[PDB]
Amino acid sequence: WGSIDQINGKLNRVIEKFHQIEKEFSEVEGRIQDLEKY
Amino acid sequence: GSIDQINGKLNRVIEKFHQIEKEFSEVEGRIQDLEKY
Amino acid sequence: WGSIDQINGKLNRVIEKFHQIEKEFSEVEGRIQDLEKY
């Protein structure tokens with residue numbers, strides 16, 4: 001099992017990071033919207 | 001089955017990344033718009 | 001992909017790329033700050 005668990009671990013860490021950036025993106029898009037609007 | 005799920009999970013990761021790539025390109029273009037007009 | 005070596009190789013190439021997108025985003029975030037700052 002080791003190869004499989006090490007690749008799964010890494011893919012999961014990538015996926016968590018992607019989720020985190022999607023959140024940062026939403027907040028940034030909010031800020032853009034405020035600069036476009038006001 | 002393992003190489004199979006692995007493949008599956010990488011492909012999920014690769015699709016996410018492309019969307020990320022696309023979202024980033026869209027933000028930066030809005031930023032340009034504001035900076036130049 | 002056929003092998004763990006090759007999956008990890010491709011994952012690594014994503015991670016390298018993503019590394020670069022993060023730097024670009026941070027620079028963009030600073031640009032928003034500047035625009036907010038006015």
Side-chain angles (χ1 to χ4, degrees):
Chain A
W1 282 102
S3 281
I4 291 147
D5 298 329
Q6 295 184 59
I7 305 156
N8 268 303
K10 192 172 186 186
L11 285 158
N12 297 350
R13 282 186 294 278
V14 179
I15 291 150
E16 179 65 26
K17 190 78 203 155
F18 287 4
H19 288 336
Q20 288 169 21
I21 207 176
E22 285 198 313
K23 278 177 189 160
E24 293 185 11
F25 263 114
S26 184
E27 196 189 323
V28 153
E29 95 121 319
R31 289 163 64 192
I32 296 174
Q33 278 161 12
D34 297 331
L35 284 162
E36 290 172 330
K37 261 143 227 55
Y38 304 108
Chain B
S2 280
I3 197 82
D4 327 51
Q5 57 94 189
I6 297 299
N7 261 283
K9 196 179 288 179
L10 175 58
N11 282 121
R12 299 203 282 284
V13 165
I14 285 161
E15 177 173 28
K16 278 137 196 264
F17 174 76
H18 288 326
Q19 172 175 56
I20 290 162
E21 271 181 329
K22 180 182 165 193
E23 293 173 299
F24 181 54
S25 146
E26 194 132 324
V27 168
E28 196 200 332
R30 295 167 72 183
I31 297 322
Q32 294 163 356
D33 268 20
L34 299 171
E35 290 174 327
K36 289 310 307 177
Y37 289 65
Chain C
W1 288 265
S3 94
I4 51 127
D5 211 66
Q6 295 168 9
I7 286 150
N8 192 66
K10 187 67 192 167
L11 193 47
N12 278 346
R13 179 181 301 276
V14 163
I15 286 170
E16 157 181 21
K17 290 192 176 54
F18 178 57
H19 193 95
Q20 198 55 43
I21 282 187
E22 274 198 313
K23 292 173 167 180
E24 292 167 8
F25 193 55
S26 164
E27 186 243 77
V28 150
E29 194 280 338
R31 274 157 87 199
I32 299 158
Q33 294 191 43
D34 282 351
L35 284 175
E36 291 171 326
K37 174 202 97 96
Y38 222 24

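Convention: sequence-line order gives letters A, B, ...; per-chain numbering from 1.
For CG of C:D5, the number of neighbouring non-hydrogen atoms (other residues, nucleotides, ligands) closer than 6.0 Å is 12 at most.
No side-chain heavy atom of A:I21 sits less than 4.5 Å from a side-chain heavy atom of B:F24.
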Return all side-chain donor-acceptor pairs below 3.5 angstrom for residues 9-19 of chain C, not counting sequence neighbours, or 'none' if the list is empty.
residue: C:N12; atom: OD1; partner: A:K10; partner atom: NZ; Å: 2.5
residue: C:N12; atom: ND2; partner: C:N8; partner atom: O; Å: 3.4

Side-chain donor-acceptor pairs of residues 30-38 of chain C under 3.5 Å, sequence neighbours excluded:
residue: C:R31; atom: NE; partner: B:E35; partner atom: OE1; Å: 3.3
residue: C:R31; atom: NE; partner: B:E35; partner atom: OE2; Å: 3.0
residue: C:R31; atom: NH1; partner: C:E27; partner atom: OE1; Å: 3.2
residue: C:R31; atom: NH2; partner: B:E35; partner atom: OE1; Å: 2.6
residue: C:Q33; atom: NE2; partner: C:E29; partner atom: OE1; Å: 2.8
residue: C:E36; atom: OE1; partner: A:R31; partner atom: NH2; Å: 2.9
residue: C:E36; atom: OE2; partner: A:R31; partner atom: NE; Å: 3.0

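The shortest heavy-atom contact between C:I4 and A:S3 is CD1-OG, 3.2 Å.
Distance check, rounded to the nearest 0.5 Å: CD of C:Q6 to CD1 of B:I6 gives 14.0 Å.
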